[PDB]
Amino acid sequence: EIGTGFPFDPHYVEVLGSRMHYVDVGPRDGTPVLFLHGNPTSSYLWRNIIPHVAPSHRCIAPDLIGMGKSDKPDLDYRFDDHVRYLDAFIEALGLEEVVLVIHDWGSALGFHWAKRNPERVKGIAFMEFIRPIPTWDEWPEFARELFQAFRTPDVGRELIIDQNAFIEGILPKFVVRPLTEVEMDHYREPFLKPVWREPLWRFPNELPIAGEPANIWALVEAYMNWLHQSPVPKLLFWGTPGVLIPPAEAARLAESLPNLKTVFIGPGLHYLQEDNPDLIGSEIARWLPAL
């Protein structure tokens, strides 16, 4: 049975003049494991993963700026803003070497940080991560018109900002099993007001699909190139049919990435942590000793 509670004491740290919230559990020494969520989630997404890792390793799960329990400064909320705040968060906590556990826009942040700090990354576990998607044909058909509308002037803001489409529509449609009302209310809480929803609209407008936007496309290409030459231990979780990482892409990564273990989790769309947390958490726990 998949837990709905969030039994983690809040921790806060001042970052660039704002407060950021994070989970921090597990032993106080050793290599920390840094869990990075994406859109439109928070550290809540990791709530059933972390308890598998916390017996043996420090677990740190921040809420990205403007998300979860973190502050909501007056930012553009472009990808580079998230880069700046996560960079400063990692330094504020004095992290030296880390293991990354990353998902969605948290994976773009994590891989981009790893490329810039390769000596500090001891391993990377990832799932449903940001890759350059070559055509809209590789996007799931049932969500293609919706994500094209998110990236259409005016219409996308009406859907995401005014109608909260990313929380009420996309989030439950990208989990195979049904989310409960308690889980939905945890995901809803940081975005109850439209004025808080800018990050939810910025993120799909930065997805690198069919070459655009060019700046994100090049950045993601750069860290994918880094990943392909890196000897760092890697662990990929994938499901079927997937969203960002269809089975054919999981197969391509299994062939091309060095030092990669792959784990098929069964049915899965995008929020794989909500479909098979016990397999994801237990397999990360089993993989960490080999690092």
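So that there is no doubt, residue numbering starts at 1 and follows the sequence shown.
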Which of 89-97 and 107-115 has higher mean CA B factor, as the PDB entry lists it: 89-97
Higher-B stretch (mean Cα B-factor, as the entry records it), 127-135 or 148-156: 148-156
Out of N39, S230, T262, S70, residue topping the C-alpha B-factor column of the entry: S230
Highest-ranked of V176, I102, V220, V83 once sorted by CA temperature factor in the record: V176
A143 - Cα temperature factor, lowest/middle/highest third of chain: highest
Modelled-residue ranking by C-alpha temperature factor, third containing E255: highest
Chain-relative CA temperature factor third for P208: lowest
Chain-wide C-alpha B factor ranking for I245, given as lowest, middle or highest third: middle
Position of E274 among the chain's modelled residues by C-alpha B-factor, lowest, middle or highest third: lowest
